[PDB]
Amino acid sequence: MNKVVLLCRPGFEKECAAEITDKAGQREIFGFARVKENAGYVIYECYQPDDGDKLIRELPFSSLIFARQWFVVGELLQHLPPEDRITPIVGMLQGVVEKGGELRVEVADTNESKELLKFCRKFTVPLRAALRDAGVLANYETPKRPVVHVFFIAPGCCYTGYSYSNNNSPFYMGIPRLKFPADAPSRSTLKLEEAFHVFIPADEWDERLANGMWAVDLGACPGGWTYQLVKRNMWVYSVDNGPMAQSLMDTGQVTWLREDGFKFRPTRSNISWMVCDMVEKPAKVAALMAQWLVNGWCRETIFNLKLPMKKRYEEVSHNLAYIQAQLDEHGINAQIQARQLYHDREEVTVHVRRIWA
């Protein structure tokens, strides 16, 4: 199979297409990605017949910024007989994957597909039963086996395929479903919560987002991101000339430092986490993040970079390369990952973890 579908934010198809072409090419997995503006997905079509499976095995999904999710697919099923949409799907998947561990019947995240999304929910159980009967799905679900995807691009038109659960998004449509807590002081809180879900494996939260850790939130006012750190029972320095929500102060976990986030330097505590969601130019933010890493002021950081109006994949790649150049110059080893989260708009969220053994 030679096609790989990538789900993206509608309007970001050129970024997602350039990026997958670039990073697959770098691994000598050559192909082309046509763009349908505002479709909310891109198809990367490999020149070689079975390179689609190779690509979703060998390229780490975590290294893709503009893809919410991906999966390899066969040919487009275009005329699904309304009297039996199931048989052709089963037919297309039979002999392609067996004993899959989970089924996800998905759509692109656009306005036009909302009715189609409800169809997919209705279709899921009947399709699951048929795929289990055919041996395409295992009789018992399991996270270790491949995830089977059936992707409807319009009524009666879908692709079918799979992704590997150790190299994909674990979320339906690549969208973690979060509820805004009425007591948080800003909806920006959902970005950082989504970041924790997307970047830190759930079974590592208690160790890496740990009770008792010290964290610094730069440009914190009024406290959306601080709220998430407090929820993890961290002790937090919220740094801003603006005041923090009284509800956060009342927790007894937060010290408000009335300073500029760019000027603040930590002295005193062992800071594990720093986070930064600021309305500033991304080269400027990236420079401050690199300084925090190379000065050893944090072990991990999550921060947002604003995208410019044009050359958005390039700009954000250059910001990341700057941070990597700083790391390399100082001999610091770290893992960097970045993603246009669901709750991001014209920005990307980045996670950097120093490797200290």
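Throughout, we count residues from 1 along the sequence that is shown.
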item: Mean temperature factor over C-alpha atoms, higher-scoring stretch between 136-144 and 100-108; value: 136-144
item: Residue range whose averaged C-alpha B-factor is higher in the record, 346-354 or 4-12; value: 346-354
item: Residue, from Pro49, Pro60, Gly31, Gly40, that the PDB entry assigns the highest Cα B-factor; value: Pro49
item: Which of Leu218, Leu117, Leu209, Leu192 ranks first by CA B-factor in the deposited coordinates; value: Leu117
item: Record-listed C-alpha B factor of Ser165: chain third; value: middle
item: Ranked against its chain, the third holding the CA B-factor of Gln337; value: middle
item: Record-listed C-alpha B factor of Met309: chain third; value: highest
item: Where the record places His330 (Cα B-factor, split into thirds across the chain); value: highest
item: Cα B factor band for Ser272 (lowest, middle or highest third within the chain); value: lowest
